Amino acid sequence: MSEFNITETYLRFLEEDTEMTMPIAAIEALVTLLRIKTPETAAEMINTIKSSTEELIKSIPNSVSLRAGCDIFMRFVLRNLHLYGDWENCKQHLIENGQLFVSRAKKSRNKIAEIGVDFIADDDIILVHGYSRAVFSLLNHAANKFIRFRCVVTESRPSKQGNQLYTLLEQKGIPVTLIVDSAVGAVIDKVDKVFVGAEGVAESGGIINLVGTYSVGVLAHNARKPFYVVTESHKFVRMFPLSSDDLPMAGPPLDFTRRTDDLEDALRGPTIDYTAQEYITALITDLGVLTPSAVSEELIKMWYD
Amino acid sequence: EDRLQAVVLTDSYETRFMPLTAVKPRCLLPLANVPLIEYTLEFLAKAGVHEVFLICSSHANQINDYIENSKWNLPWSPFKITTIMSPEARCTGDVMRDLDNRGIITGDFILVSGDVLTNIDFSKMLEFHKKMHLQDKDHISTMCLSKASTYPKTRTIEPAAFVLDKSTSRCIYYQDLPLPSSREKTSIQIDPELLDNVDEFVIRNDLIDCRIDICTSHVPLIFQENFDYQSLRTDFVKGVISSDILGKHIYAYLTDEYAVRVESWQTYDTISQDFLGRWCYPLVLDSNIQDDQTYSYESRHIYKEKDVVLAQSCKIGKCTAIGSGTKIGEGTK
């Protein structure tokens, strides 16, 4: 007898492997939610997940990649309840689909590595920023193809992830430097291509991942380099700003409260930025390469109704 | 007009490439990762021919099996392909007369001696040859050649000097120019008795030889009973014009662009780089026709196939060409 909310199902398998990421872990928790708890009626099933997704937003309010996972699972079970099976087969007809994304969204990243080959060409110095793991699997395919390139890793401050990526692919055997994020503007002229990855895509095409992907994006547009971004086909959320201000973590990005005893002072600003359509130029899906205008329409094609 | 016959002969420059050539002919040697049989064959595929006639005076067994592995024994080629075996040291012209004693060749047909490489059209050569037909019935042939304009004396093996007409471009006489580094044998001679009906005539040097001549079937019969001619232009184009036969007109032809023929490795040194550069427009390397290659072009004349393992920190300079199955290392150049 589980409850699927916090850790009695969900945070079990987040300590199982750091190959599954946050939103499909919620998708893995949401598909097994109605699988065991199948209350033989179409009404309270969706009322179970509306209780369960809204407390899951309440569980971690500042991991809005989960909110994209909370978004499209409702978009999954809506059309899966469509084809009009009167809930008779649609109990089984949903769970015979069932384990799709643990067989399909797990193979997002290698399918990204199938079609993201011909971006990193011969002798491209590559600017990466933040642990967006689809980039590394694209770089895993690049080392396994023995195609020639180099790599440059920025910081990820304060999220520390840039120190991991230097250790992650030096053992793989790529010539690489870790650079500070402060030294982007004096180095970007030698840099030719640049790869990042969003935690979620907004309505105009959003980069809702890290602290300064918009900073390195607006550098690259004045450098006039193709600012690519690597993601997959389950990373879409309706949450869409008008400025570069999303929901913050807890407070406004200009706090002026004081240090009580020894409180952290680098952690006063934001941790999530926003980039509109203007500064990206292409992105990757499991559907294929995608222009920043088509990422608006496919995020609206089944979203208005 | 129709039925474009031809005759292809390799195996005259075995003297030239003697550290090589013991196991394979000169024509089998790779210029840019692929040999130079098919450089001529695709060029007379451009000619719109119907049949060829090979001459293999040596290494005859390893010619046709390569043709058996070519596209030319498969029935959509422009020509059916025929070979003629021969024993060794069967020089030029004596290959013709025995073939003339066989006598398959009818009408107009294509002499390609040596091994050639070019970009010239087949069209404007031939109505120029038909213009000679409409200007003369005692005509012989039209010898198309290029113009090595900025470089005399670097046509390596033999320097060829030609004198021809202003208007009709009838080649008046041939005399072989000596070695240009040899400052001693400083005299040419042209007998002015045969200079009657020209009176304004052009004497040149820079017509680089490529032996690409086309002619009617009457002039090998003229060449037949004159069995004491052993070369193409060292003896026969002189004696046909040095007043011995009366009233026979051979023409040449000059073009303003690329046509060349391999003589030595120094010719193999130059025109390989000219073909690797864009000096062989339009016949370029990324066409990838022959062993249906996979070359992709990059700037500063980079010819890489697929399956090319390029290592880190190895600079690739200008004018290079890389096939598959290759692996460069670190720190090479």
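Everything discussed here concerns the structure shown above.
Note that residue numbers begin from 1 in each chain and follow the written sequence, not necessarily the entry's scheme, while residues that lack coordinates are absent from the view. Key to labels: chains lettered from A, ligands numbered from 1, both in the order written. Taken from a larger assembly, the chains shown here are the sole basis for all values reported. To obtain the side-chain values, all non-hydrogen atoms of the structure were included, while hydrogens and water were left out.

Draft legend 1. Spatial organisation of the overall build of chain B. Helices and strands together make up the secondary structure of chain B, namely seven helices and 16 strands. Put simply, the radius of gyration uses C-alpha atoms, and a globule should come to 2.2 Å times the residue count raised to 0.38. What you see for chain B is a C-alpha radius of gyration of 21 Å, in line with the 20 Å of a compact globule of 333 residues. Projected onto the principal axes, the alpha-carbon positions of chain B cover approximately 70 × 45 × 35 Å. By definition in these notes, contact holds between two residues if any of their heavy atoms fall within 4.5 Å. Within chain B, residue pairs in contact and separated by at least 24 positions form 67% of the contacts whose partners lie at least 6 positions apart. The way it works is that DSSP assigns letters per residue, a run of H or I at least four long becomes a helix, a run of E at least two long becomes a strand, and they are numbered from the N terminus.

Draft legend 2. Region of the structure containing the overall build of chain A. If you tally the helices and strands in chain A, you get nine helices and seven strands. Here the C-alpha radius of gyration of chain A, 20 Å, is about what a compact globule of 305 residues would show, namely 19 Å. Each of the three principal axes of chain A carries a C-alpha extent, and together these read 60 × 55 × 35 Å. Across the 305 residues of chain A, 44% fall into the buried class. Residue exposure ignores everything except the shown protein chains as possible cover, and the areas themselves are Shrake-Rupley values with a 1.4 Å probe. Summed over its atoms, the accessible surface of chain A is roughly 16500 Å², and 53% of this surface lies on carbon and sulfur atoms. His is not counted, nor are the chain ends, whereas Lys and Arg count as positive and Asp and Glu as negative. A charge is said to be at NZ when it belongs to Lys, at CZ for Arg, at CG for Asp and at CD for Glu. With 31 positive and 41 negative side-chain charges, chain A shows a spacing of 3 Å between the two charge centroids. Using a 1.4 Å probe on the protein chains alone, a residue whose accessible area is under 20% of its type maximum counts as buried, one over 50% counts as exposed, and one in between counts as partly exposed.

Draft legend 3. Highlighting a nonpolar patch on the surface. Residue and element names in this part refer to chain B. Judged by side-chain polarity, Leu20, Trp265 and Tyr268 come together as a nonpolar surface patch covering roughly 260 Å² of accessible area. Turning to its location among the elements, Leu20 is positioned in the loop between β1 (7-9) and α1 (37-46). Overall, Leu20 belongs to the partly exposed group, its relative accessible area being 41%. Like-charged residues are merged into a patch within 9 Å and nonpolar side chains (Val, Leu, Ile, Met, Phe, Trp, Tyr) within 5 Å, provided each residue has over 30% relative accessible area and no salt bridge. By convention in these notes, a salt bridge is any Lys or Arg side-chain nitrogen within 4 Å of a carboxyl oxygen on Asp or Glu.

Draft legend 4. Broad picture of the sheet that holds strand β4 (residues 193-196) of chain A. Residue and element names in this part refer to chain A. Two strands make a pair as long as DSSP finds a minimum of two bridges between them. Strand order in the open sheet formed by seven strands is β3-β2-β1-β4-β5-β6-β7, with mixed pairing between adjacent strands. The open sheet terminates on both sides in strands that have one partner only, identified here as β3 (176-178) and β7 (289-290). Note: strand β1 (residues 125-128) against strand β2 (residues 150-153), four bridges, orientation parallel. The residue bridging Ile125 from the neighbouring strand is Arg150, located in β2. To obtain each axis, a line is fitted to C-alpha atoms, and for helices this fit is confined to the stretch in contact; angles are then taken between N-to-C directions over 0 to 180 degrees. Seen against the sheet, helix α7 (residues 161-170) touches β2 and β3 and runs at an angle of roughly 160° to β3.

Draft legend 5. Fine view of unusual backbone geometry. The omega torsion of the bond from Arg157 of chain A to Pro158 of chain A falls at 5°, within 30 degrees of zero and hence cis. By the secondary structure assignment, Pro158 of chain A is in the loop between β2 and α7. Residues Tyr281 of chain B and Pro282 of chain B are joined by a peptide bond in cis, for which omega reads 5°. Relative to the assigned elements, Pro282 of chain B resides in the loop between α7 (265-276) and β12 (296-298). Its identity as a non-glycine residue notwithstanding, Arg3 of chain B has a phi of 60°, on the positive side. The residue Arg3 of chain B is located in the segment before β1 in this model. Here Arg3 of chain B falls in the exposed class, since its relative accessible area comes to 58%. Positioned with a positive phi, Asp292 of chain B is a non-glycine residue whose angle comes to about 35°. Within the fold, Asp292 of chain B resides in the loop between α7 and β12.

Draft legend 6. Quick peek at the environment of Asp196 of chain B. Residues and elements named next belong to chain B. Within the element layout of this structure, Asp196 appears in the loop between β7 (171-176) and β8 (201-204). The exposure class of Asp196 is exposed, given its relative accessible area of 62%. For the pair formed by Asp196 and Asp136, sequence separation is 60 residues and the distance between their alpha carbons is 17 Å.

Draft legend 7. Structural detail: the layout of surface pockets. All names here are of chain A. Put plainly, a pocket is an open set of points on a 1 Å grid over the protein atoms alone with protein on both sides within 12 Å along at least five of seven lines, a cavity is a set where a 1.4 Å probe fits but cannot get out, and a lining residue has an atom within 4 Å of a point. Grid points are joined across faces, edges and corners, and a volume is the space filled by probe spheres set on the points. Approximately 870 Å³ is the volume attributed to the largest pocket. In this structure, the largest pocket is lined by 33 residues; those nearest its centre are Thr21, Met22, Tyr131, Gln161 and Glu199. Ranked by residue count, the leading element in the lining of the largest pocket is helix α1 (residues 22-36), at three residues. Across the lining of the largest pocket, the residue classes break down as 13 nonpolar, 14 polar and six charged. As a working rule, the residues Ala, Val, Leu, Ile, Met, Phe, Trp, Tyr, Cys and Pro are called nonpolar, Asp, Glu, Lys and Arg charged, and the rest polar, with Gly in that last group.

Draft legend 8. Geometry of the interface of chain B and chain A. Contacts between the two partners involve six residues from chain B and, on the opposite side, five residues from chain A. Here's the idea: put two parts together, see how much 1.4 Å probe accessible area each one loses, and the total over both is what we call buried area. Between chain B and chain A, roughly 450 Å² of surface is buried when both sides are summed, and carbon and sulfur atoms account for 43% of that area. For chain B, the biggest contributors to the area lost against chain A are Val309, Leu310 and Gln312 of chain B; these three give 76% of the whole. Remark: the boundary between chain B and chain A carries one salt bridge. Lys304 of chain B is paired through a salt bridge with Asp122 of chain A; the nearest N and O atoms lie 3.7 Å apart. Contacts described as polar in this section are N or O atom pairs within 3.5 Å, which, within protein, must combine one atom able to donate a hydrogen with one able to accept it, while residues neighboring in sequence count only if both atoms come from side chains. There are one residue pair in polar contact connecting chain B and chain A. Among the residues forming the side of chain B that touches chain A, the class breakdown is four nonpolar, one polar and one charged.

Draft legend 9. Geometry of the environment of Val230 of chain A. All names here are of chain A. On the secondary structure map, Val230 appears in strand β5 (residues 227-230). In this structure, the C-alpha to C-alpha distance between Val230 and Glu297, residues 67 residues apart in sequence, is 18 Å. Not counting residues within four places of it along the chain, the set of residues in contact with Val230 comprises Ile112, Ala134, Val135, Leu138, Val196, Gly197, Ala198 and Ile284.

Draft legend 10. Just the side chain of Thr9 of chain A, in detail. Residues and elements named next belong to chain A. One can find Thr9 in the segment before α1. A polar atom in the side chain of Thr9 sits 2.8 Å from the side chain of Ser2. Those residues in contact with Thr9 that lie beyond four places of it in its chain are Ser2, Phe4 and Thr32.

Draft legend 11. Examining the pairing of strand β9 (residues 212-215) of chain B more closely. Residue and element names in this part refer to chain B. Side chains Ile212 and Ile214 project from β9 onto one buried face, and the interleaved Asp213 and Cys215 project onto a second face that is buried too. Note that strand β3 (residues 109-112) and β9 share four bridges and pair antiparallel. Bridging across to β9, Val112 finds its partner in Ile212.

Draft legend 12. Up close: the packing of helix α3 (residues 65-81) of chain A against helix α4 (residues 90-97) of chain A. Residue and element names in this part refer to chain A. Closest axis-to-axis distance for the α3/α4 pair is 10 Å, and the angle between their directions is 130°. Relative to α4, the element α3 lies oblique. α3 and α4 meet at a crossing whose hand is right-handed. Contacts from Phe76, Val77, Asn80 and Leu81 in α3 reach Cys90, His93, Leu94 and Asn97 in α4. Here the contact of α3 with α4 is built from residues that sort into five nonpolar, three polar and no charged. Orientation is classified from the angle alone, with under 35 degrees giving roughly parallel, over 145 giving roughly antiparallel, 65 to 115 giving roughly perpendicular, and any other angle giving oblique. The sense of a crossing depends on the near helix, which, turned anticlockwise from the far helix by less than a right angle, makes the crossing left-handed and, turned clockwise, makes it right-handed.

Draft legend 13. Broad picture of the packing of aromatic side chains. When two rings of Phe, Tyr or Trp (its six-membered ring) have centres within 6.5 Å they constitute a pair, described as stacked for plane angles under 30 degrees, edge-to-face for angles over 60, and tilted for the intermediate range. Under the defined criterion, the tally for this structure stands at 14 aromatic pairs over all chains. Summarising the aromatic geometry, the rings of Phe240 of chain A and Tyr274 of chain A are spaced 6.4 Å apart at their centres and angled 70° between planes, so their arrangement reads as edge-to-face. Note that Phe240 of chain A is positioned in the loop between β5 and β6 (282-284) and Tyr274 of chain A in the loop between β5 and β6, a separation of 34 residues in sequence. With centroids separated by 4.9 Å and ring planes inclined at 50°, the aromatic side chains of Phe128 of chain B and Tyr253 of chain B adopt a geometry described as tilted.

Draft legend 14. A look at the nonpolar core. Among the nonpolar cores identified, the biggest contains 61 residues, and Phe79 and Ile81 of chain B are the most heavily contacted of them. Residue types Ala, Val, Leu, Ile, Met, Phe, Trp, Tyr and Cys, when buried and joined through side-chain atoms within 4.5 Å, form a set referred to as a nonpolar core. Grouped together as the second largest cluster of nonpolar side chains are 24 residues, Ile112, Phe119, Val128 and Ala282 of chain A included.

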